[PDB]
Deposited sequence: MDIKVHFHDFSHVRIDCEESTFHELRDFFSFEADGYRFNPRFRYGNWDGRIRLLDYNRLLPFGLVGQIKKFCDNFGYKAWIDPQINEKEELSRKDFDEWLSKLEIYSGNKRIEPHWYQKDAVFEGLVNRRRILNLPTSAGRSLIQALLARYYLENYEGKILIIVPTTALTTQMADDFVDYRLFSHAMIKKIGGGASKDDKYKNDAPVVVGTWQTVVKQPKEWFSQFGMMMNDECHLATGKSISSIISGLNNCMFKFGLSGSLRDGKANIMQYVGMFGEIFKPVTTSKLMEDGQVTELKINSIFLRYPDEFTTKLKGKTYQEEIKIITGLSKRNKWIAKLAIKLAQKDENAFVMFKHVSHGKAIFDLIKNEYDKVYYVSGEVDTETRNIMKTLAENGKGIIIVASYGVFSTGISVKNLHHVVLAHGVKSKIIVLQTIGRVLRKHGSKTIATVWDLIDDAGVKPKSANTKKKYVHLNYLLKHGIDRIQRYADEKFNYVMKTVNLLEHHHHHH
């Protein structure tokens, strides 16, 4: 063929082609330098101001290899690519989930599980070896890094290098790693200013954490020990820095750059892709963001409720003053972020109860179900305009019929549905009819009043389920099947 791409090492692939093909490629893999007008080589020399990532030694940063395909389709060339360049991990999604399920991950003393977008990021990173994980600062990348690092540790012999922006984050990263209980401080060597008085003894630690400023001062050889490398908030990484260590990471089979601000990067996207591989945004589904909140009740309340019919249980829970207070608080909290929330209720005694708690602590609150139109669209317009921190307490009826609702950021289901999720279709519909933002999050409250087993030798979490819990679980299973964007959280009512 015209072009042959051979496996060199884990930092670069090597190209063999005609000298003519070489120069076309050399211009392909280039971009306009930032501030090139201030460079004297440009103003008085022979520089055109572009930077070329493909030098005469014919070595191309590993992560840009997938772009060769595009080069050929654009210049009508045929190329052969060494299969070991596209080698993937022998890891099925089933084994991954199995591995994940057997892990005891914590947050303080509470056992927890990774959100879907976190698992998909880890899985994608792992299977493809090198990738830029495009995720916001929320969505805890901390755990994502810990899982990637954990996997490596259990399957390979090299060390894992993690680069963060500041020394404070150096510490935060380490502390989080132990918090999850996936690593111990003895396994994590902090370098540079983030080091503790005992990091000097940790020469064999499988995990090294530091800043670009420190890492860049290390000798080429030092980099041979890492099999995996990660850079959190990699958009703060400069091309100079990347180019400085790129060649030392020759055995670094796994590389990840994590960021949710790729558009504010010091370096050019091309430079990032060459070092970390292509971009993967987990935010993928098949609009609505669902938050399943497990509201746990006092064990004693749990024991008294047992035996009550569905109709009775709804009466009891819905009328509970503390639950009304909890919801009000959730609403307020959400509004204080200059965001608008919708508190859905069914029975007026409930709605007003909730409305009065809020009002006795927050002004921008509106009750809606009466004066059906004139005052209804009035509010619906106060929101559509651009008001912020507006909590509106309405009934499922109101918001279904007369629609518009633009700036709607949150919808709090104060009256749990049944085992069906149609309400979501409705919310989804109404929002994607007259208004936009459509990235509203729905808070699905599940009232967990399940009864714990007497013995500790019971392999069940609960021995008895109240109805609202069964329903919430039915709803969760439905979100999974329908592959919705959902997350689960637990909170004690008291």
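Enquirer: Should a student be asked to find the unmodelled regions, what ranges of the deposited sequence would be the right answer here?
Expert: Unobserved in coordinates, per deposited numbering: 287-295, 504-510.
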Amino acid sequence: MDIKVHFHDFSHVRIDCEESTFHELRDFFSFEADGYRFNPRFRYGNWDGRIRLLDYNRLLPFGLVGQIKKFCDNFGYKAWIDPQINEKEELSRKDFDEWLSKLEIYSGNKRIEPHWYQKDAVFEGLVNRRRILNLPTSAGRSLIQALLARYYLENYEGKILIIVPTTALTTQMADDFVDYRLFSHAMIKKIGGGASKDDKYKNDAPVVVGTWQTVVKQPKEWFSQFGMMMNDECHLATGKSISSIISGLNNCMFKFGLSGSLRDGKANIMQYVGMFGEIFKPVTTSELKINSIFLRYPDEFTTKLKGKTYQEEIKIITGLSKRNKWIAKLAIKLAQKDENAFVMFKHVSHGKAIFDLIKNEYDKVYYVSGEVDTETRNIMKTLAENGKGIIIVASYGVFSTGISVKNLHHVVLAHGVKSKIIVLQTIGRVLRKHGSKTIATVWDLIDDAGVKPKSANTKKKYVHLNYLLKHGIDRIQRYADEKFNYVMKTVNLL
From here on, numbers count along this sequence of modelled residues.
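Enquirer: Output the stretch having the higher mean C-alpha B factor in the entry; the candidates are 300-308 and 358-366.
Expert: According to the PDB entry, the answer is 358-366.
Enquirer: Return whichever of 311-319 and 329-337 has the greater mean Cα B factor according to the PDB record.
Expert: Averaging CA B-factors over each stretch, the winner is 329-337.
Enquirer: Which one, 49, 428, 61, 450, has the peak C-alpha temperature factor per the PDB entry?
Expert: Out of 49, 428, 61, 450, the record gives the largest C-alpha B-factor to 428.
Enquirer: When the CA B-factors of 53, 456, 463, 446 are compared as recorded in the entry, which is the largest?
Expert: Among 53, 456, 463, 446, the PDB entry lists the largest C-alpha B-factor for 456.
Enquirer: Would you check the entry's CA temperature factor for residue 484 and let me know if it's in the chain's lowest, middle or highest third?
Expert: Top third by C-alpha B-factor.
Enquirer: Please place residue 165 in the lowest, middle or highest third of its chain by C-alpha B factor as given in the entry.
Expert: Middle third by C-alpha B-factor.
Enquirer: Divide the modelled residues of the chain into thirds by Cα B-factor and specify which third, lowest, middle or highest, holds residue 12.
Expert: Residue 12: CA B-factor falls in the lowest third of its chain.
Enquirer: Going by what the PDB entry lists, where does residue 421 fall on CA B-factor within its chain: lowest, middle or highest third?
Expert: According to the entry, residue 421 has a C-alpha B-factor in the chain's highest third.
Enquirer: Using the B-factor values recorded in the entry, state whether the Cα atom of residue 438 falls in the lowest, middle or highest third among the modelled residues of its chain.
Expert: Its C-alpha B-factor, which the entry lists for residue 438, ranks in the highest third among residues of this chain.
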